[PDB]
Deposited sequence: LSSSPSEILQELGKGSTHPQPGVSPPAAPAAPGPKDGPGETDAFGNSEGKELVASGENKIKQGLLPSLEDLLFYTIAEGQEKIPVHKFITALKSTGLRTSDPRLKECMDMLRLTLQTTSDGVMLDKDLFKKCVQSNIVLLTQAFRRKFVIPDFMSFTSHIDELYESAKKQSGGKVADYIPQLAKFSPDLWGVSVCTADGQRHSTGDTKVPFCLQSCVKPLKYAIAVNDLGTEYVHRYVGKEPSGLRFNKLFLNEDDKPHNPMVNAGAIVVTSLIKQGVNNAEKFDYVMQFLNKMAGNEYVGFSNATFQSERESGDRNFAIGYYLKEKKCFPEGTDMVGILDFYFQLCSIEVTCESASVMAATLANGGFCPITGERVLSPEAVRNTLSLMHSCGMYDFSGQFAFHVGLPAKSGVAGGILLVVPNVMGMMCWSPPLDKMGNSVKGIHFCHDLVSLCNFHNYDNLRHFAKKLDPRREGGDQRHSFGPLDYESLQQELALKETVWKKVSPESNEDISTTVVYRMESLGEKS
């Protein structure tokens, strides 16, 4: 039987701690939601045997086996993890950039979290501090919209390419720019009032993050409606051009838009969000299906072309990964079929992207064959974390 087979794999009686260290090794976290029952059993008890063991691991056997038979998308997780630490310390040195002077804390924070498509977790630095999604949320509400309404409908209102405000057919160029994000906001969960629409998006972000940290920054929501002249301008221009769905309260939508920009996450929780996008719309730490593959494909496409503001082409060329930056200092990054990530560092460059975060993404792809158009079979001197030795 599997838990016998596995009992031998890990033994030659078993000391409990010695099984925990074995597990964390595979990349998994003790807290893993899919590992609940097993941890519940172990928490009813310090030295297992085939009967005691089988008793606990029974309910989560398929997963535990796949982790211990090194069948995760990244077999040598410990090795891959120390490279990430190298990349982190390397990007730490880069001390350029200005903080959003309108943000107001320390320019000495920096964090990276990884969540594989298999649930494997890693962090370095300030990964547990909450910060604001800002523009990092634009791909998310877009996914939500398409998930609920579908490509066809959603792109009656917004465009699908890069760049003024309005494209050929008088739609905002795409939903990664404010004009387009504002429109997309007006499509989500119509009819109900804003408070309820908001509760709904928060619920959706919760599934996306496997229920890890998602919060809200009223401080930020106030600064946004505060300095939102530019955004109000766009709003009226959109109203005038009849860009919204019938029966829309435009001033209402802007207010909604600002709340969404003030949603909080951490490197860790966000990395899980990113991971769901890596993973076909399935949240990798709960196994729950959150987004239609169609919403995920569309989101990854437009992140690719339009995710790093003015720097999107340079980025697509040298990095080749769907990412999305935001003004609080985040870079949501997705490596399809492998992992999702969240990089956070307050100081931005001219173009509005986290300086350290940009340094990190470049280094990452220069190291491993994660570039969209890297070949998995011949890739020169890069390394492939997906392979054993």
Missing residue ranges, deposited sequence indexing starting at 1: 1-66, 79-81, 115-121, 179-182, 244-249, 476-527
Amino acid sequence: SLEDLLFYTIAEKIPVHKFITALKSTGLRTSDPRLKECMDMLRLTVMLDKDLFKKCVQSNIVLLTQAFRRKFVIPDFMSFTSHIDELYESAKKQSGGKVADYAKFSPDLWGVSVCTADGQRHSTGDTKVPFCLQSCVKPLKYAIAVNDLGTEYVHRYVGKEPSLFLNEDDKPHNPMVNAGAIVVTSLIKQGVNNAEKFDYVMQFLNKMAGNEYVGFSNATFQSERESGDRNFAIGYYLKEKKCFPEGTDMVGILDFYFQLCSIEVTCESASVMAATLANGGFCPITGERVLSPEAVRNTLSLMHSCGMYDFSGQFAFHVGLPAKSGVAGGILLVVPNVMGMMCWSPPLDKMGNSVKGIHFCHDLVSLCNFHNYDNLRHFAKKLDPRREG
From here on, numbers count along this sequence of modelled residues.
Mean temperature factor over C-alpha atoms, higher-scoring stretch between 125-133 and 165-173: 165-173
223-231 versus 267-275 - greater average Cα B-factor per the deposited record: 223-231
Candidate set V214, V192, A295, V201 [ranked by C-alpha B-factor, highest]: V192
B-factor third for the C-alpha atom of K324 within its chain: lowest
Among modelled residues of the same chain, the CA temperature factor third for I182: lowest
B-factor third for the C-alpha atom of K93 within its chain: highest
Chain third (lowest, middle, highest) by recorded CA B-factor, residue given as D101: highest
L238 CA temperature factor, ranked by third within the chain: middle
